[PDB]
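Residue numbers (our numbering), protein chains in the order written: chain B, 28 to 464; chain G, 28 to 464.
Using N, Cα and C, we set each Cβ at its ideal position, and we do this for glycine too.
Single-structure report; data block below.
2 protein chains.
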Amino acid sequence: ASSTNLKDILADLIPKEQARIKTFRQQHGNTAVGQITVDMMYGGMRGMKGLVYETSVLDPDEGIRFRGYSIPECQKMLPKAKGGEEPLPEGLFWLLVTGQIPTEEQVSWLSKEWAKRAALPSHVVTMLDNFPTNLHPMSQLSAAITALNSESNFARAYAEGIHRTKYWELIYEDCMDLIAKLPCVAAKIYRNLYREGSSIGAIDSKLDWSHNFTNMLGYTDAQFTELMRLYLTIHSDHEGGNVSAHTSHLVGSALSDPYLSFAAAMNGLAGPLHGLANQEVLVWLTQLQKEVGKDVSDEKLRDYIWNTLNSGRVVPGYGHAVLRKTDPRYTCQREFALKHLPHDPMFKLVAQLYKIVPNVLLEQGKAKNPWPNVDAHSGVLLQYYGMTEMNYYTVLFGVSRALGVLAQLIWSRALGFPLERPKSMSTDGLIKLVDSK
Amino acid sequence: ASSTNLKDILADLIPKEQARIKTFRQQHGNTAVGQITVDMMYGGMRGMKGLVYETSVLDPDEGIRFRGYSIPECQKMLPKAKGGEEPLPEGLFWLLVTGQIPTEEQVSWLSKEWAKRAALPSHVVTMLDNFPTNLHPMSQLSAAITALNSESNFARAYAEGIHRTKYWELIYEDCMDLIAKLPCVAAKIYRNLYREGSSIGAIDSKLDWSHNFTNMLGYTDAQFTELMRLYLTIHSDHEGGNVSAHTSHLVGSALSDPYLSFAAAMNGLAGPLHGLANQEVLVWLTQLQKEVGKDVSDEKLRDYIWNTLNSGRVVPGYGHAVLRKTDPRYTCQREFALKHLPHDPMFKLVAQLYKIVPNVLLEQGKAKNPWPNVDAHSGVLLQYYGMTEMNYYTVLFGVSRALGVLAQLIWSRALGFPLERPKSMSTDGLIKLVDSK
Ligand SMILES: CC(C)(COP(=O)(O)OP(=O)(O)OC[C@H]1O[C@@H](n2cnc3c(N)ncnc32)[C@H](O)[C@@H]1OP(=O)(O)O)[C@H](O)C(=O)NCCC(=O)NCCS
Ligand SMILES: CC(C)(COP(=O)(O)OP(=O)(O)OC[C@H]1O[C@@H](n2cnc3c(N)ncnc32)[C@H](O)[C@@H]1OP(=O)(O)O)[C@H](O)C(=O)NCCC(=O)NCCS
Numbered sequence: 028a029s030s031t032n033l034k035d036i037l038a039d040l041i042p043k044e045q046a047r048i049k050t051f052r053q054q055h056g057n058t059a060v061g062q063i064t065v066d067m068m069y070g071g072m073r074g075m076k077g078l079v080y081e082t083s084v085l086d087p088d089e090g091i092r093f094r095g096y097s098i099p100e101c102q103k104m105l106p107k108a109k110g111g112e113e114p115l116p117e118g119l120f121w122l123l124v125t126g127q128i129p130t131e132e133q134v135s136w137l138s139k140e141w142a143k144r145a146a147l148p149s150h151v152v153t154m155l156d157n158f159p160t161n162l163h164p165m166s167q168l169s170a171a172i173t174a175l176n177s178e179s180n181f182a183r184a185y186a187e188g189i190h191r192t193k194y195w196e197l198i199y200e201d202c203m204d205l206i207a208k209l210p211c212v213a214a215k216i217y218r219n220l221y222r223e224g225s226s227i228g229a230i231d232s233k234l235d236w237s238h239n240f241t242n243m244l245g246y247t248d249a250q251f252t253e254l255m256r257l258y259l260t261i262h263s264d265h266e267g268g269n270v271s272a273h274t275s276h277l278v279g280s281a282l283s284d285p286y287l288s289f290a291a292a293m294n295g296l297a298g299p300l301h302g303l304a305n306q307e308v309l310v311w312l313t314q315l316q317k318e319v320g321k322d323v324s325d326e327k328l329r330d331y332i333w334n335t336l337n338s339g340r341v342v343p344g345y346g347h348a349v350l351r352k353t354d355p356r357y358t359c360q361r362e363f364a365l366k367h368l369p370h371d372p373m374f375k376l377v378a379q380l381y382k383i384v385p386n387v388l389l390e391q392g393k394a395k396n397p398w399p400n401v402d403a404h405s406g407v408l409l410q411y412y413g414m415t416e417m418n419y420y421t422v423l424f425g426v427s428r429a430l431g432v433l434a435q436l437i438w439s440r441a442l443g444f445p446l447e448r449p450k451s452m453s454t455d456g457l458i459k460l461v462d463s464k
Numbered sequence: 028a029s030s031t032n033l034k035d036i037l038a039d040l041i042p043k044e045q046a047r048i049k050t051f052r053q054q055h056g057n058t059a060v061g062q063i064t065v066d067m068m069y070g071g072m073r074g075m076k077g078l079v080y081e082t083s084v085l086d087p088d089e090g091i092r093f094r095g096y097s098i099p100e101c102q103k104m105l106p107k108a109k110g111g112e113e114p115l116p117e118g119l120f121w122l123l124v125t126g127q128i129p130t131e132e133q134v135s136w137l138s139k140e141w142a143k144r145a146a147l148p149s150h151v152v153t154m155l156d157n158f159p160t161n162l163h164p165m166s167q168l169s170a171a172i173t174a175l176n177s178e179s180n181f182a183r184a185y186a187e188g189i190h191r192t193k194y195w196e197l198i199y200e201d202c203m204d205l206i207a208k209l210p211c212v213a214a215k216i217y218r219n220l221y222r223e224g225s226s227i228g229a230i231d232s233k234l235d236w237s238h239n240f241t242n243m244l245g246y247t248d249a250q251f252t253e254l255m256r257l258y259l260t261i262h263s264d265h266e267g268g269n270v271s272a273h274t275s276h277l278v279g280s281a282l283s284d285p286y287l288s289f290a291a292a293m294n295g296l297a298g299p300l301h302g303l304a305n306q307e308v309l310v311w312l313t314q315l316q317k318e319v320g321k322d323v324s325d326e327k328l329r330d331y332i333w334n335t336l337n338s339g340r341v342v343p344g345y346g347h348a349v350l351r352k353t354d355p356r357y358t359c360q361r362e363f364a365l366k367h368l369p370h371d372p373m374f375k376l377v378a379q380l381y382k383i384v385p386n387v388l389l390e391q392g393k394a395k396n397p398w399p400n401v402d403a404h405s406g407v408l409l410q411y412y413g414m415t416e417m418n419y420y421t422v423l424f425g426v427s428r429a430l431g432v433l434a435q436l437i438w439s440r441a442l443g444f445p446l447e448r449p450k451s452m453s454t455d456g457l458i459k460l461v462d463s464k
């Protein structure tokens, strides 16, 4: 019988997995998977195998895998966009949730379903309209998404005491609704702040999520949308260990609904040391250009970089807590630029920084990863198509990141993952424990 | 020379600690402090020694310690309130930050300084006023605090590239400002939602934080305020392992400012499995009373409890992820009730549940901790003094929790704790790792 629907494919998957993990655990749960040292406890779990997080895994040399699907693999296999060359973010979502590579037909369903669900409640539209213009786009986003929780189906089934065993099904509704709304929140922000007077207009059921987004942003450039598909897809997910994913995961585990847990993830992504580096790169470049001037040398270029390190500041967009090579999401962005915007001054600068920064970082002998990460390359692309308002960039990272984070949330919950609740120590107790005892 | 100021006492403390940890780590950082099993990874870090968290530590038998200061110890040593019998929350804060038991004189400074800082920006006052009346108080709180980030001194010193080494000093300003504002946010919510038409009025520099709070709530009862001091103090902090503290800690570590990280902590506290149990207890009791009727027997009382367990629901306010006995914060609440409200029907019910629940939980053979936690006893006290709007209760938990969470944030940052970034695995990789490899 019938046609397409991810929640049924989920319904079929979940029990098989539920069984799979229980055998595995019934046999291998005792197994020491690794040890904890005291440096690990002071180093922010650096090295720690903390979680189980299904929808992707980060390799220190290779970089991310979406099943065992590398970014090059995703680039060629996922459905493009019916006259395009970038993966549709939709079918990354389907991959993530389902482990399977979508069919064209699956993805139109995703597109159209996200379009169906895409509406904003009057109060969120109110709040958005009154927000101050010195309130950071990330702050605006987060607030909105916390406010939207009003409309959580989960939070309402939970208050009405459902059976634990149907949590996922409700957490799936909210996730699918969150994802649909998100570009309406985001594009309302961009529109209030930077396009005063104008409206985000109507979502068209015949477009893909990316295109309706760029339309609501007000971008007509064909290639911008393509840039958009590629952007939203590579920023999707980055294992569970990273602050934003781990936040949602943590807060999720207390059975806070999908809006609440996502907006917590947002006040993580707005960390300078996290997704706010997007922005931070461009502010840094921009200053470099002013302060260090137009067409600098590899010798002056280094003077600028040392003036930062010598100031007890960080060089944005460089380094990573797990990758030990160049981010493939960096390479992927570089390719695009080589392809579409090669003569762009800012690009040429970012390409010359790649020549210099990792050697300066290697010289300083501090950084364990002197190589660039996604954030190093992202803003230069946006800049090019007239997206010059760099304080908003993290919100795009934010819209994309929902895809990975809410894909896992549905599994977390369909697998019945507990309250994440580690143990803590004070240095005092630590000092007495390992040595004193 | 001169008079009182915590930031100088901090300034003196920090280097000593900074040195202390570096020796300790230079010598004992290698030390295996514990191991990770695969059950631990699927059990939400249950058992895992994750973090270093200074301001308190949770013992599984004894329960919390604020230095090595147990709740009974705090009850007798901390400055009361110049004609009271409950610890002033202020001097719990001083203890937490400084490790020292405050002097009366320290605490008046705290009181008066918190009063100084206590103002809300027009936009937050706007947003608050427009919020819908079906938007949960916790959602309202969180949103507001994310919105307040506008006013972060940290976030502005960071954009202006300070030296890493002065982070704490800015993170101290914001924390002290957050804590001051908080009861103005909270009391504005209570006032809009439940007291329509009326205003929170003016903070008086001669009152303590607790009293200005109860005044803004509109409570005149002397004993209510005392209840307030005791409440705000025992909910302060609960090591770093718990969702709310761990959220702020996580998001904090990305150098998200103290408002952002706190409101993330809030969408954690609004987890049913976390601080929302406050509320959940009272909804459960209230139903019990309706559904199971006024003065029930120990036999019918058990029928109600089984109808919940048999429904794949949880019994609220019972259990804990680390304590293996009755929460001392439970006992402490029970004492108060014995003292002030012994004939209260709801109390008598909560006292009879203590008789029955842990035996029903012990029978079901599921719960590792069949004993009550703070949330089991809290709402019954509020109820009594006319605070009957149980959807707000978690916000009180929320105001109190800022004290522990922001005390640690200043240390985290003055000690230069890194980005919290554990490693994740999918079951797939896990299955291949321990056994397959
Ligand atoms: C992602 C990041 C947080 C990795 O954290 P990490 O794993 O703890 O970093 P490492 O393991 O490499 O070791 C950290 C040391 O190297 C230095 N380091 C790491 N990245 C650096 C960078 N890009 N520039 C300068 N120094 C850096 C730090 O000074 C630190 O020294 P410390 O112990 O004296 O504090 C990141 O490398 C960083 O701190 N900065 C870049 C983040 C970014 O893009 N920021 C933009 C906003 S300014
Ligand atoms: C704090 C809490 C999350 C502890 O988590 P934990 O350490 O993972 O729980 P445990 O180690 O005791 O083991 C959990 C098992 O015991 C049961 N359990 C724990 N607390 C229970 C409670 N109060 N009522 C019923 N069952 C409970 C769970 O069914 C679970 O079974 P499962 O593996 O089939 O899912 C808590 O005990 C809980 O789940 N519920 C109470 C939280 C609360 O106050 N909620 C109010 C809103 S309804």
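query	result
Taking a cut of 8 Å between CB atoms, which residues from the stretch 116 to 137 of chain B lie near chain G?	none
List the DSSP bridge partners of G/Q62.	B/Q62
Which full runs of the alpha helix (DSSP H) of 4+ residues lie inside the stretch 185 to 258 of chain G, going along the chain?	194 to 221 and 236 to 244
If the criterion is Cβ atoms closer than 7 Å, does the pair B/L162 and G/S166 meet it?	no
Could you tell me the distance, in whole angstroms, from the CA atom of B/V341 to the CA atom of B/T64?	27 Å
Who are the near neighbours of B/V384 in its chain, counting only those whose CB is closer than 8 Å to its CB and skipping five residues on each side?	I332, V342, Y345, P397 and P399
Please decide whether B/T50 counts as near chain G, where near means a Cβ-Cβ distance under 7 Å.	no
Rounded to the nearest angstrom, what separates B/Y411 and B/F374 at their Cα positions?	9 Å
Could you tell me which of G/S453, G/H238, G/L287 and G/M414 sits nearest to residue 13 of chain G, measuring between CA atoms?	Outside the shown range of chain G, which is 28 to 464, sits residue 13 of chain G, and nothing can be said about it.
Strictly under 7 Å for the Cβ-Cβ distance: is B/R448 near chain G by that measure?	yes
So, do the stretch 197 to 206 of chain G and the stretch 140 to 158 of chain G have three or more beta carbon pairs nearer to each other than 8 Å?	yes
Can you tell me whether G/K208 is buried or exposed, with buried defined as 16 or more other CB within 10 angstroms of its CB?	buried
Return the residue from the list G/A28, G/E81, G/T153 and G/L33 that minimises the CA-CA distance to G/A272.	G/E81
At least one CB of chain B closer than 7 Å to the CB of G/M72: is that the case?	yes
Run through DSSP, which three-state label would G/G90 get?	strand
Got a sec: does ligand 1 put a non-hydrogen atom nearer than 6 Å to the Cβ of G/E447?	no
Does B/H238 pass the burial test, meaning 16 or more other C-beta atoms within 10 Å, or should it be called exposed?	buried
Can you tell me the Cβ-Cβ gap for G/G298 and B/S283, rounded? I've got them flagged as a contact below 8 Å.	4 Å
Report the option in G/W236, G/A429 and G/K107 whose CA atom is closest to the CA atom of G/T274.	G/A429
Give a yes or no on whether the C-beta atoms belonging to G/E318 and B/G71 are separated by under 7 Å.	no
Quick one: Cα of G/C211 to Cα of B/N57, how far?	50 Å
Note down, in chain order, all residues in the stretch 262 to 286 of chain B with a beta-carbon under 7 Å from any beta-carbon belonging to chain G.	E266, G267, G268, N269, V270, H273, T274, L277, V278, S280, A281, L282 and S283
Is B/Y246 a contact residue of ligand 2, with contact defined as CB to any heavy atom under 6 Å?	no
If you reduce the DSSP assignment to three classes, tell me which class G/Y412 lands in.	coil
Specify the secondary structure class of B/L78 as computed by DSSP and reduced to three states.	strand
Would you say the beta carbon of G/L300 comes nearer than 6 Å to a heavy atom of ligand 2?	yes
If you follow the alpha helix (DSSP H) that B/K139 is in, where does it begin and where does it stop?	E131 to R144
Go through its chain and collect everything with a Cβ distance to B/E307's Cβ below 8 Å, but skip five positions before and after it.	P299, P343, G344 and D402
For B/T173 and G/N157, which I take to be in contact (beta-carbon distance under 8 Å), what is that distance rounded to the nearest angstrom?	With 8 Å as the limit, B/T173 and G/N157 do not qualify as a contact, their Cβ atoms being about 15 Å apart.
Kindly indicate the opening and closing residues of the beta strand (DSSP E) around G/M452.	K450 to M452
Taking just the CA atoms, how far does G/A441 sit from G/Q53?	19 Å
What are the residues of the stretch 151 to 168 of chain B that lie near chain G, defined by any Cβ-Cβ distance shorter than 8 Å?	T153, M154, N157, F158, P159, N161, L162, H163 and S166
Put B/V84 into one of helix, strand or coil per three-state DSSP.	strand
For B/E44 and B/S439, I'd like the C-alpha separation in whole angstroms.	11 Å
Determine, using beta carbons only, whether G/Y96 comes closer than 7 Å to chain B.	no
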